[PDB]
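Enquirer: Just passing along the structure, written as structure tokens.
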Amino acid sequence: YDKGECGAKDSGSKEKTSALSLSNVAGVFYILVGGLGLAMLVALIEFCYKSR
Amino acid sequence: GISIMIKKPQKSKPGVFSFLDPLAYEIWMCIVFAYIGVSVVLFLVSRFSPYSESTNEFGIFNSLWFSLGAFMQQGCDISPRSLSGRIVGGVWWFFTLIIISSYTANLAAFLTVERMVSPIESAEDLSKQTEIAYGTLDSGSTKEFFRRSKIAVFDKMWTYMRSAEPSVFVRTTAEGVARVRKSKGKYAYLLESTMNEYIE
Amino acid sequence: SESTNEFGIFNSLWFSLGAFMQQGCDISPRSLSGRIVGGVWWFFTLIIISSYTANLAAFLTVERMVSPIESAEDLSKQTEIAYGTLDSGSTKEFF
Amino acid sequence: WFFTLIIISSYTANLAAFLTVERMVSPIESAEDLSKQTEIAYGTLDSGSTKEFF
Amino acid sequence: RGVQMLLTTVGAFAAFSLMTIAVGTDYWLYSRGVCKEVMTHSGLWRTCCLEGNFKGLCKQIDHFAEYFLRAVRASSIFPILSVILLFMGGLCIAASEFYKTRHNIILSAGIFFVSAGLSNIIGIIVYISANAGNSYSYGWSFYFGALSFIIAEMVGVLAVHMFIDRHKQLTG
């Protein structure tokens with residue numbers, strides 16, 4: 001330990017975080033695009049299911 | 001007495017747009033694309049054939065306006081009534097519900113850790129944030145004094161100084177203060193208090 | 001010649017106040033100008049009340065607050081805090 | 001409106017407290033954390049070998 | 001009414017013509033890297049180096065749950081899908097010579113412009129989130145794709161309003 005070459009029991013620094021990234025929030029954006037695509041599926045029914 | 005010198009810490013100078021800094025540029029750029037993307041479908045569905053336009057007020061312009069108030073949590077004057085019209089509203093809210101909550105959570109980060117810092121004090125603090133380096137004038141009386149002392153608080157300082165690399169000893173006080181000026185923090189220097197408050 | 005809306009001065013004040021709150025706007029500034037007028041004052045409110053709700057965490061979670069008299073010298077230069085000495089000794093003579 | 005605008009915000013803030021303080025404290029460890037501080041007291045078996053050893 | 005009926009073709013042509021740059025040129029991203037470290041930029045299939053001994057040298061680039069996400073990122077399908085959609089929308093708006101004045105194809109044409117739009121949201125988010133897996137900055141092909149998206153979002157609404165003018169106005 002007296003010729004150790006690394007930090008010991010603790011080294012706490014708490015750097016300024018680089019903010020929350022897109023890769024964290026993406027789980028919303030997917031289901032958003034899902035719901036938007038899903039709306040057109042019923043759109044192509046609700047006013048034309050009587051067509052021929 | 002034996003005394004400590006460090007670099008003056010400068011002061012905060014925020015950039016004027018720093019209110020964005022808790023949230024990444026990509027987030028805003030994706031928000032804007034989503035805010036456009038939600039409008040076109042909400043329009044196109046709302047003007048499929050009633051067979052009359054009073055059946056659905058939600059034309060292009062109104063299909064823009066509805067989205068802005070929904071994104072700001074400020075509601076609307078009108079809301080859609082079709083199934084395929086409503087479902088998008090029944091989705092678009094959740095995106096704001098998440099993202100503003102995350103923006104608040106990150107807005108708490110800097111406003112906390114920062115008020116959790118403290119400076120250097122009492123020489124004893126150099127037992128813990130040890131990555132801020134320190135040393136002595138070389139071959140002078142203080143160097144031998146640290147060796148000869150045997151109190152644990154100094155025993156640590158000596159044990160480090162007896163083994164640290166690169167060289168933690170300087171030929172002159174001028175070299176010492178120059179080294180402190182060069183590192184601009186992350187380094188500290190030792191000399192007699194009469195010289196310390198003179199350089200100050 | 002924009003000649004359709006109901007608005008008026010005190011109604012504009014009323015719409016404004018709720019627009020610094022968050023209860024839903026009960027009348028519509030329906031014009032492209034009025035829409036732009038809302039489309040920033042909303043965002044401004046949403047930013048500020050969020051920042052306030054963030055900052056109200058600090059005082060409740062990291063108390064320390066050094067305060068009373070930093071230098072022990074400069075208390076000489078004020079008239080609220082009293083100061084004095086032991087009597088009958090050299091401390092008086094020093095002054 | 002303003003009364004709600006304050007009170008709900010001030011309340012939410014407090015909730016953080018516990019959900020943060022109860023994550024920042026953690027147990028005594030490896031004798032060093034028993035001896036840095038003495039909120040908990042301790043000693044030895046009296047006059048035994050360990051007492052002289054210390 | 002008026003000339004605006006014809007400006008559909010200009011909007012479609014502008015929406016479509018930009019996209020070909022994205023599906024292969026290397027100007028997506030600036031970073032340091034290697035052509036085996038050196039200033040570098042990379043496409044989907046290939047990579048090239050600049051400001052060094054490898055200046056003008058190029059190499060292939062490759063990727064062979066996260067497995068499926070890696071497969072989606074490497075196939076990059078949304079570019080091709082949106083390209084096909086935009087092209088088929090253009091072929092739709094050309095339909096002057098059948099369904100004449102009912103123009104059921106012109107009614108349908110909005111579907112392509114919308115779907116080509118929504119495609120690229122996922123495409124972008126996949127591309128960015130995978131590539132992030134700091135001095136770096138986005139190369140101009142990203143801006144070209146965004147601009148193509150912008151004109152696609154223009155022309156979709158425009159074309160739908162033009163169908164409303166040409167036919168729906170007559171239906172009441």
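We label chains A, B, ... in the order they appear in the structure tokens, count residues from 1 in each chain, and number ligands from 1 in the order shown.
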Please return, as a list in words, all residues of chain D lying within 12 Å of chain B when only C-alpha atoms are considered.
Expert: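 Going by the stated atoms only, the list reads residues 9, 12, 13, 16, 17 and 20 of chain D.
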Enquirer: Using only C-alpha atoms, tabulate the residues of chain A lying at most 6 Å from any atom of chain B, each with its closest atom pair and that distance in Å to one decimal, by chain and increasing residue number, as JSON lines.
Expert:
```
{"residue": "A:19", "atom": "CA", "partner": "B:22", "partner_atom": "CA", "distance": 5.3}
{"residue": "A:22", "atom": "CA", "partner": "B:27", "partner_atom": "CA", "distance": 5.9}
{"residue": "A:39", "atom": "CA", "partner": "B:84", "partner_atom": "CA", "distance": 5.3}
{"residue": "A:42", "atom": "CA", "partner": "B:84", "partner_atom": "CA", "distance": 5.8}
{"residue": "A:43", "atom": "CA", "partner": "B:84", "partner_atom": "CA", "distance": 5.6}
```
Enquirer: For chain C, which residues have at least one atom within 12 Å of chain B, if we go by only C-alpha atoms? Write them as a ChimeraX atom specification, please.
Expert: /C:15,18-66
Enquirer: Please list as an MDAnalysis selection string every residue within 10 Å of residue 177 (chain B), counting only C-alpha atoms and excluding residues in the same chain fewer than 2 positions away.
Expert: chainID B and resid 5:7 170 172:175 179:182 188:190 199
Enquirer: For the selection just defined, write its residues with N, CA and C atoms to a file, as a compact mmCIF listing (two decimals), in the first residue's frame.
Expert:
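Output contents, as saved in result.txt:
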```txt
# COMPACT_ATOMS: atom_id res chain seq x y z
N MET B 5 0.11 27.66 0.02
CA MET B 5 -0.27 28.54 -1.07
C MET B 5 -0.94 27.72 -2.16
N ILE B 6 -2.03 28.26 -2.73
CA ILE B 6 -2.72 27.65 -3.86
C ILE B 6 -3.11 28.73 -4.87
N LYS B 7 -3.52 28.27 -6.05
CA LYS B 7 -4.04 29.15 -7.09
C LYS B 7 -5.43 29.69 -6.75
N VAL B 170 11.37 21.45 -5.83
CA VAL B 170 11.75 22.53 -6.73
C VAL B 170 12.98 23.22 -6.19
N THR B 172 13.91 26.40 -6.40
CA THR B 172 13.74 27.75 -5.88
C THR B 172 12.26 28.01 -5.62
N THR B 173 12.01 28.97 -4.73
CA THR B 173 10.65 29.46 -4.50
C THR B 173 10.04 30.00 -5.79
N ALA B 174 10.86 30.66 -6.61
CA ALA B 174 10.38 31.16 -7.90
C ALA B 174 9.90 30.02 -8.78
N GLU B 175 10.65 28.92 -8.83
CA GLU B 175 10.21 27.73 -9.55
C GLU B 175 8.91 27.18 -8.98
N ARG B 179 5.42 26.98 -10.91
CA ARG B 179 4.71 25.71 -11.05
C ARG B 179 3.24 25.84 -10.67
N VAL B 180 2.95 26.58 -9.60
CA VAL B 180 1.56 26.85 -9.23
C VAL B 180 0.84 27.67 -10.29
N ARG B 181 1.52 28.67 -10.86
CA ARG B 181 0.95 29.44 -11.96
C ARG B 181 0.73 28.59 -13.21
N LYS B 182 1.56 27.57 -13.41
CA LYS B 182 1.48 26.74 -14.61
C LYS B 182 0.33 25.75 -14.55
N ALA B 188 -0.23 22.57 -5.32
CA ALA B 188 -0.09 23.41 -4.14
C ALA B 188 1.36 23.39 -3.70
N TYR B 189 1.75 24.42 -2.93
CA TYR B 189 3.15 24.64 -2.62
C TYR B 189 3.29 25.09 -1.17
N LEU B 190 4.47 24.84 -0.61
CA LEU B 190 4.74 25.01 0.81
C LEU B 190 5.89 25.99 0.97
N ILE B 199 4.06 37.27 -1.24
CA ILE B 199 3.67 36.95 -2.61
C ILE B 199 2.20 37.28 -2.84
```
Enquirer: Show me a table, sorted first by chain and then by increasing residue number, of the residues of region 7-52 of chain D having an atom at most 12 Å from region 2-9 of chain A, each with its shortest atom pair and the distance in Å to one decimal, counting only C-alpha atoms and written as CSV.
Expert:
```
residue,atom,partner,partner_atom,distance
D:29,CA,A:9,CA,10.9
D:30,CA,A:9,CA,10.4
D:32,CA,A:9,CA,10.5
D:33,CA,A:9,CA,11.2
```
Enquirer: For the residues in that selection, give me C-alpha atoms as a PDB file, in the first residue's frame.
Expert:
```pdb
ATOM      1  CA  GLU D  29     -17.193  -0.809   7.999  1.00  0.00           C
ATOM      2  CA  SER D  30     -13.697  -2.280   8.418  1.00  0.00           C
ATOM      3  CA  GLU D  32     -11.901   2.586  10.264  1.00  0.00           C
ATOM      4  CA  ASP D  33     -15.560   3.643  10.093  1.00  0.00           C
TER       5      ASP D  33
END
```
Enquirer: For chain A versus chain E, which residues have an atom no more than 12 Å away, and what is each residue's nearest atom pair and distance in Å rounded to one decimal, using only C-alpha atoms, chain-then-number order, as JSON lines?
Expert:
```
{"residue": "A:18", "atom": "CA", "partner": "E:134", "partner_atom": "CA", "distance": 10.1}
{"residue": "A:21", "atom": "CA", "partner": "E:129", "partner_atom": "CA", "distance": 8.9}
{"residue": "A:22", "atom": "CA", "partner": "E:129", "partner_atom": "CA", "distance": 6.8}
{"residue": "A:23", "atom": "CA", "partner": "E:129", "partner_atom": "CA", "distance": 5.4}
{"residue": "A:24", "atom": "CA", "partner": "E:129", "partner_atom": "CA", "distance": 9.2}
{"residue": "A:25", "atom": "CA", "partner": "E:129", "partner_atom": "CA", "distance": 10.2}
{"residue": "A:26", "atom": "CA", "partner": "E:125", "partner_atom": "CA", "distance": 7.4}
{"residue": "A:27", "atom": "CA", "partner": "E:125", "partner_atom": "CA", "distance": 10.5}
{"residue": "A:28", "atom": "CA", "partner": "E:125", "partner_atom": "CA", "distance": 11.3}
{"residue": "A:29", "atom": "CA", "partner": "E:122", "partner_atom": "CA", "distance": 8.2}
{"residue": "A:30", "atom": "CA", "partner": "E:122", "partner_atom": "CA", "distance": 7.1}
{"residue": "A:31", "atom": "CA", "partner": "E:122", "partner_atom": "CA", "distance": 10.4}
{"residue": "A:32", "atom": "CA", "partner": "E:122", "partner_atom": "CA", "distance": 10.1}
{"residue": "A:33", "atom": "CA", "partner": "E:118", "partner_atom": "CA", "distance": 7.0}
{"residue": "A:34", "atom": "CA", "partner": "E:118", "partner_atom": "CA", "distance": 9.6}
{"residue": "A:35", "atom": "CA", "partner": "E:118", "partner_atom": "CA", "distance": 11.1}
{"residue": "A:36", "atom": "CA", "partner": "E:118", "partner_atom": "CA", "distance": 8.2}
{"residue": "A:37", "atom": "CA", "partner": "E:118", "partner_atom": "CA", "distance": 7.8}
{"residue": "A:38", "atom": "CA", "partner": "E:115", "partner_atom": "CA", "distance": 11.5}
{"residue": "A:39", "atom": "CA", "partner": "E:115", "partner_atom": "CA", "distance": 12.0}
{"residue": "A:40", "atom": "CA", "partner": "E:111", "partner_atom": "CA", "distance": 8.8}
{"residue": "A:41", "atom": "CA", "partner": "E:111", "partner_atom": "CA", "distance": 11.0}
{"residue": "A:43", "atom": "CA", "partner": "E:111", "partner_atom": "CA", "distance": 11.0}
{"residue": "A:44", "atom": "CA", "partner": "E:111", "partner_atom": "CA", "distance": 10.1}
```
Enquirer: Tell me, which residues of chain C carry DSSP helix (DSSP H, G or I), written as a JSON list (two decimals) with N, CA, C and O atoms, in the first residue's frame?
Expert:
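Once written, result.json looks like this:
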```
[["chain", "number", "residue", "atom", "x", "y", "z"],
["C", 9, "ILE", "N", -59.36, 44.63, -23.25],
["C", 9, "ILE", "CA", -58.24, 44.90, -22.34],
["C", 9, "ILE", "C", -58.32, 44.03, -21.09],
["C", 9, "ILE", "O", -57.38, 43.28, -20.77],
["C", 10, "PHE", "N", -59.42, 44.12, -20.34],
["C", 10, "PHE", "CA", -59.52, 43.35, -19.11],
["C", 10, "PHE", "C", -59.60, 41.85, -19.37],
["C", 10, "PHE", "O", -59.10, 41.05, -18.57],
["C", 11, "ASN", "N", -60.17, 41.46, -20.51],
["C", 11, "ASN", "CA", -60.12, 40.05, -20.91],
["C", 11, "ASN", "C", -58.70, 39.62, -21.26],
["C", 11, "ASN", "O", -58.32, 38.47, -20.99],
["C", 12, "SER", "N", -57.90, 40.51, -21.84],
["C", 12, "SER", "CA", -56.50, 40.18, -22.10],
["C", 12, "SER", "C", -55.70, 40.04, -20.81],
["C", 12, "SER", "O", -54.88, 39.12, -20.68],
["C", 13, "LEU", "N", -55.95, 40.91, -19.83],
["C", 13, "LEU", "CA", -55.38, 40.72, -18.50],
["C", 13, "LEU", "C", -55.79, 39.37, -17.90],
["C", 13, "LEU", "O", -54.96, 38.65, -17.33],
["C", 14, "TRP", "N", -57.08, 39.04, -17.98],
["C", 14, "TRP", "CA", -57.55, 37.77, -17.44],
["C", 14, "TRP", "C", -56.86, 36.59, -18.11],
["C", 14, "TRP", "O", -56.37, 35.68, -17.44],
["C", 15, "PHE", "N", -56.82, 36.58, -19.45],
["C", 15, "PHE", "CA", -56.10, 35.53, -20.16],
["C", 15, "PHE", "C", -54.64, 35.47, -19.74],
["C", 15, "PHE", "O", -54.05, 34.39, -19.68],
["C", 16, "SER", "N", -54.03, 36.63, -19.46],
["C", 16, "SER", "CA", -52.62, 36.65, -19.09],
["C", 16, "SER", "C", -52.41, 35.96, -17.75],
["C", 16, "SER", "O", -51.47, 35.17, -17.58],
["C", 17, "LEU", "N", -53.27, 36.28, -16.77],
["C", 17, "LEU", "CA", -53.01, 35.81, -15.42],
["C", 17, "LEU", "C", -52.99, 34.29, -15.37],
["C", 17, "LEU", "O", -52.07, 33.68, -14.82],
["C", 18, "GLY", "N", -54.02, 33.66, -15.95],
["C", 18, "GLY", "CA", -54.03, 32.21, -16.02],
["C", 18, "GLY", "C", -52.84, 31.67, -16.79],
["C", 18, "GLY", "O", -52.37, 30.56, -16.52],
["C", 19, "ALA", "N", -52.34, 32.45, -17.75],
["C", 19, "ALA", "CA", -51.17, 32.06, -18.54],
["C", 19, "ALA", "C", -49.86, 32.23, -17.78],
["C", 19, "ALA", "O", -48.82, 31.79, -18.28],
["C", 20, "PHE", "N", -49.89, 32.86, -16.61],
["C", 20, "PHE", "CA", -48.79, 32.68, -15.66],
["C", 20, "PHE", "C", -49.07, 31.59, -14.64],
["C", 20, "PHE", "O", -48.12, 31.04, -14.06],
["C", 32, "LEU", "N", -53.03, 34.10, -35.94],
["C", 32, "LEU", "CA", -51.64, 33.65, -36.01],
["C", 32, "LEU", "C", -50.74, 34.49, -35.11],
["C", 32, "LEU", "O", -49.85, 33.95, -34.42],
["C", 33, "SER", "N", -51.00, 35.80, -35.04],
["C", 33, "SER", "CA", -50.30, 36.64, -34.08],
["C", 33, "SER", "C", -50.57, 36.19, -32.65],
["C", 33, "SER", "O", -49.64, 36.00, -31.87],
["C", 34, "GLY", "N", -51.85, 36.06, -32.27],
["C", 34, "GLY", "CA", -52.17, 35.65, -30.91],
["C", 34, "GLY", "C", -51.61, 34.28, -30.57],
["C", 34, "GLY", "O", -51.19, 34.03, -29.43],
["C", 35, "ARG", "N", -51.60, 33.37, -31.55],
["C", 35, "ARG", "CA", -51.00, 32.06, -31.32],
["C", 35, "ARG", "C", -49.51, 32.18, -31.03],
["C", 35, "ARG", "O", -49.00, 31.52, -30.12],
["C", 36, "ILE", "N", -48.80, 33.03, -31.77],
["C", 36, "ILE", "CA", -47.39, 33.27, -31.48],
["C", 36, "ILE", "C", -47.22, 33.91, -30.11],
["C", 36, "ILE", "O", -46.29, 33.57, -29.36],
["C", 37, "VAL", "N", -48.11, 34.83, -29.75],
["C", 37, "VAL", "CA", -48.09, 35.47, -28.44],
["C", 37, "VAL", "C", -48.19, 34.46, -27.31],
["C", 37, "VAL", "O", -47.47, 34.54, -26.30],
["C", 38, "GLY", "N", -49.08, 33.47, -27.44],
["C", 38, "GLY", "CA", -49.11, 32.38, -26.47],
["C", 38, "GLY", "C", -47.89, 31.49, -26.52],
["C", 38, "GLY", "O", -47.36, 31.06, -25.48],
["C", 39, "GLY", "N", -47.42, 31.18, -27.73],
["C", 39, "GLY", "CA", -46.41, 30.17, -27.97],
["C", 39, "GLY", "C", -45.02, 30.48, -27.47],
["C", 39, "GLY", "O", -44.06, 29.78, -27.82],
["C", 40, "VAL", "N", -44.88, 31.52, -26.65],
["C", 40, "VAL", "CA", -43.61, 31.77, -25.97],
["C", 40, "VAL", "C", -43.86, 32.06, -24.49],
["C", 40, "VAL", "O", -43.08, 31.65, -23.63],
["C", 41, "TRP", "N", -44.90, 32.85, -24.20],
["C", 41, "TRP", "CA", -45.26, 33.10, -22.80],
["C", 41, "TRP", "C", -45.58, 31.82, -22.04],
["C", 41, "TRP", "O", -45.18, 31.67, -20.87],
["C", 42, "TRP", "N", -46.18, 30.83, -22.72],
["C", 42, "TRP", "CA", -46.29, 29.49, -22.13],
["C", 42, "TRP", "C", -44.93, 28.90, -21.80],
["C", 42, "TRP", "O", -44.69, 28.47, -20.66],
["C", 43, "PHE", "N", -44.05, 28.80, -22.79],
["C", 43, "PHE", "CA", -42.74, 28.18, -22.58],
["C", 43, "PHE", "C", -41.98, 28.87, -21.46],
["C", 43, "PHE", "O", -41.30, 28.22, -20.66],
["C", 44, "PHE", "N", -42.06, 30.20, -21.41],
["C", 44, "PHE", "CA", -41.43, 30.99, -20.35],
["C", 44, "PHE", "C", -41.94, 30.60, -18.97],
["C", 44, "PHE", "O", -41.15, 30.37, -18.04],
["C", 45, "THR", "N", -43.27, 30.49, -18.81],
["C", 45, "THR", "CA", -43.81, 30.02, -17.54],
["C", 45, "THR", "C", -43.32, 28.61, -17.21],
["C", 45, "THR", "O", -42.93, 28.32, -16.06],
["C", 46, "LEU", "N", -43.34, 27.72, -18.20],
["C", 46, "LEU", "CA", -42.98, 26.32, -17.98],
["C", 46, "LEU", "C", -41.51, 26.18, -17.59],
["C", 46, "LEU", "O", -41.16, 25.30, -16.79],
["C", 47, "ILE", "N", -40.65, 27.04, -18.13],
["C", 47, "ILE", "CA", -39.25, 27.07, -17.72],
["C", 47, "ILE", "C", -39.12, 27.56, -16.28],
["C", 47, "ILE", "O", -38.44, 26.93, -15.46],
["C", 48, "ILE", "N", -39.74, 28.69, -15.96],
["C", 48, "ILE", "CA", -39.45, 29.32, -14.67],
["C", 48, "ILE", "C", -39.98, 28.47, -13.52],
["C", 48, "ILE", "O", -39.29, 28.29, -12.51],
["C", 49, "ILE", "N", -41.24, 28.02, -13.61],
["C", 49, "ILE", "CA", -41.76, 27.26, -12.47],
["C", 49, "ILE", "C", -40.99, 25.96, -12.27],
["C", 49, "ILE", "O", -40.79, 25.51, -11.13],
["C", 50, "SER", "N", -40.48, 25.38, -13.36],
["C", 50, "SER", "CA", -39.60, 24.22, -13.25],
["C", 50, "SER", "C", -38.30, 24.56, -12.53],
["C", 50, "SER", "O", -37.83, 23.80, -11.68],
["C", 51, "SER", "N", -37.69, 25.70, -12.89],
["C", 51, "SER", "CA", -36.45, 26.09, -12.22],
["C", 51, "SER", "C", -36.67, 26.34, -10.74],
["C", 51, "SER", "O", -35.83, 25.97, -9.91],
["C", 52, "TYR", "N", -37.77, 27.01, -10.38],
["C", 52, "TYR", "CA", -38.11, 27.20, -8.97],
["C", 52, "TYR", "C", -38.27, 25.87, -8.24],
["C", 52, "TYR", "O", -37.76, 25.69, -7.13],
["C", 53, "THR", "N", -38.98, 24.92, -8.86],
["C", 53, "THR", "CA", -39.19, 23.62, -8.21],
["C", 53, "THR", "C", -37.90, 22.82, -8.10],
["C", 53, "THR", "O", -37.74, 22.01, -7.18],
["C", 54, "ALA", "N", -36.95, 23.05, -9.01],
["C", 54, "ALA", "CA", -35.61, 22.48, -8.84],
["C", 54, "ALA", "C", -34.89, 23.13, -7.67],
["C", 54, "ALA", "O", -34.37, 22.43, -6.78],
["C", 55, "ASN", "N", -34.82, 24.46, -7.65],
["C", 55, "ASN", "CA", -33.99, 25.16, -6.67],
["C", 55, "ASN", "C", -34.50, 24.98, -5.24],
["C", 55, "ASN", "O", -33.69, 24.99, -4.30],
["C", 58, "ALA", "N", -32.46, 22.57, -2.87],
["C", 58, "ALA", "CA", -31.14, 22.81, -2.28],
["C", 58, "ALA", "C", -31.22, 23.11, -0.78],
["C", 58, "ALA", "O", -30.53, 22.47, 0.03],
["C", 59, "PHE", "N", -32.03, 24.10, -0.40],
["C", 59, "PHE", "CA", -32.18, 24.46, 1.01],
["C", 59, "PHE", "C", -32.68, 23.31, 1.88],
["C", 59, "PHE", "O", -32.41, 23.28, 3.09],
["C", 60, "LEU", "N", -33.40, 22.35, 1.31],
["C", 60, "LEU", "CA", -33.91, 21.22, 2.07],
["C", 60, "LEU", "C", -32.98, 20.02, 2.12],
["C", 60, "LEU", "O", -33.34, 19.00, 2.72],
["C", 74, "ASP", "N", -14.08, 42.94, 10.69],
["C", 74, "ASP", "CA", -15.05, 43.88, 10.14],
["C", 74, "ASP", "C", -16.25, 44.11, 11.05],
["C", 74, "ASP", "O", -16.98, 45.08, 10.85],
["C", 75, "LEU", "N", -16.47, 43.25, 12.05],
["C", 75, "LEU", "CA", -17.45, 43.55, 13.09],
["C", 75, "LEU", "C", -17.14, 44.85, 13.83],
["C", 75, "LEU", "O", -18.03, 45.41, 14.48],
["C", 76, "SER", "N", -15.90, 45.33, 13.75],
["C", 76, "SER", "CA", -15.57, 46.67, 14.22],
["C", 76, "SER", "C", -16.40, 47.75, 13.54],
["C", 76, "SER", "O", -16.73, 48.77, 14.16],
["C", 77, "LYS", "N", -16.76, 47.54, 12.27],
["C", 77, "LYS", "CA", -17.33, 48.59, 11.42],
["C", 77, "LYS", "C", -18.85, 48.57, 11.40],
["C", 77, "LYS", "O", -19.46, 49.00, 10.42],
["C", 90, "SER", "N", -4.14, 44.26, 31.01],
["C", 90, "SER", "CA", -3.37, 44.77, 29.88],
["C", 90, "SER", "C", -4.16, 44.81, 28.58],
["C", 90, "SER", "O", -3.79, 45.56, 27.67],
["C", 91, "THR", "N", -5.21, 44.00, 28.45],
["C", 91, "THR", "CA", -6.03, 44.03, 27.24],
["C", 91, "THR", "C", -6.63, 45.41, 27.01],
["C", 91, "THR", "O", -6.70, 45.87, 25.86],
["C", 92, "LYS", "N", -7.05, 46.09, 28.07],
["C", 92, "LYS", "CA", -7.50, 47.47, 27.95],
["C", 92, "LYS", "C", -6.37, 48.40, 27.52],
["C", 92, "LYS", "O", -6.54, 49.25, 26.64],
["C", 93, "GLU", "N", -5.21, 48.27, 28.18],
["C", 93, "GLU", "CA", -4.05, 49.10, 27.84],
["C", 93, "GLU", "C", -3.67, 48.97, 26.37],
["C", 93, "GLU", "O", -3.23, 49.95, 25.75],
["C", 94, "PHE", "N", -3.78, 47.77, 25.81],
["C", 94, "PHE", "CA", -3.44, 47.57, 24.40],
["C", 94, "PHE", "C", -4.25, 48.50, 23.49],
["C", 94, "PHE", "O", -3.70, 49.14, 22.59]]
```
Enquirer: Set the cut-off to 12 Å and count only C-alpha atoms: what are the residues of chain E that reach chain B? Output as a count of residues only.
Expert: 46
Enquirer: So the first atom is CA of residue 30 (chain E) and the second is CA of residue 16 (chain B); what is the distance between them in Å, to one decimal place?
Expert: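 Straight-line distance from CA of residue 30 (chain E) to CA of residue 16 (chain B) works out to 27.7 Å.
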Enquirer: Quick one: DSSP strand (DSSP E or B) residues in region 60-188 of chain B, as a PyMOL selection string?
Expert: chain B and resi 133+136-137+169-170+187-188
Enquirer: Keeping N, CA, C and O atoms, export the residues of the selection given above as a tab-separated table (two decimals), in the first residue's frame.
Expert:
```tsv
chain	number	residue	atom	x	y	z
B	133	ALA	N	-2.03	17.83	-6.18
B	133	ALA	CA	-0.68	17.51	-5.73
B	133	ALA	C	-0.08	18.65	-4.92
B	133	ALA	O	-0.50	19.81	-4.99
B	136	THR	N	7.32	20.37	-1.47
B	136	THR	CA	8.07	21.36	-0.73
B	136	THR	C	9.20	21.93	-1.58
B	136	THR	O	9.57	21.37	-2.61
B	137	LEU	N	9.73	23.07	-1.12
B	137	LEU	CA	11.07	23.48	-1.49
B	137	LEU	C	12.07	22.36	-1.21
B	137	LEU	O	12.00	21.69	-0.17
B	169	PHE	N	9.76	18.28	-5.79
B	169	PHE	CA	10.66	19.24	-5.17
B	169	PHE	C	11.23	20.18	-6.21
B	169	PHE	O	11.53	19.77	-7.34
B	170	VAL	N	11.37	21.45	-5.83
B	170	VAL	CA	11.75	22.53	-6.73
B	170	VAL	C	12.98	23.22	-6.19
B	170	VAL	O	13.19	23.31	-4.97
B	187	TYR	N	-2.40	21.83	-8.09
B	187	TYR	CA	-1.09	21.82	-7.45
B	187	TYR	C	-1.05	22.85	-6.33
B	187	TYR	O	-1.73	23.88	-6.39
B	188	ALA	N	-0.23	22.57	-5.32
B	188	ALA	CA	-0.09	23.41	-4.14
B	188	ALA	C	1.36	23.39	-3.70
B	188	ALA	O	2.12	22.49	-4.04
```
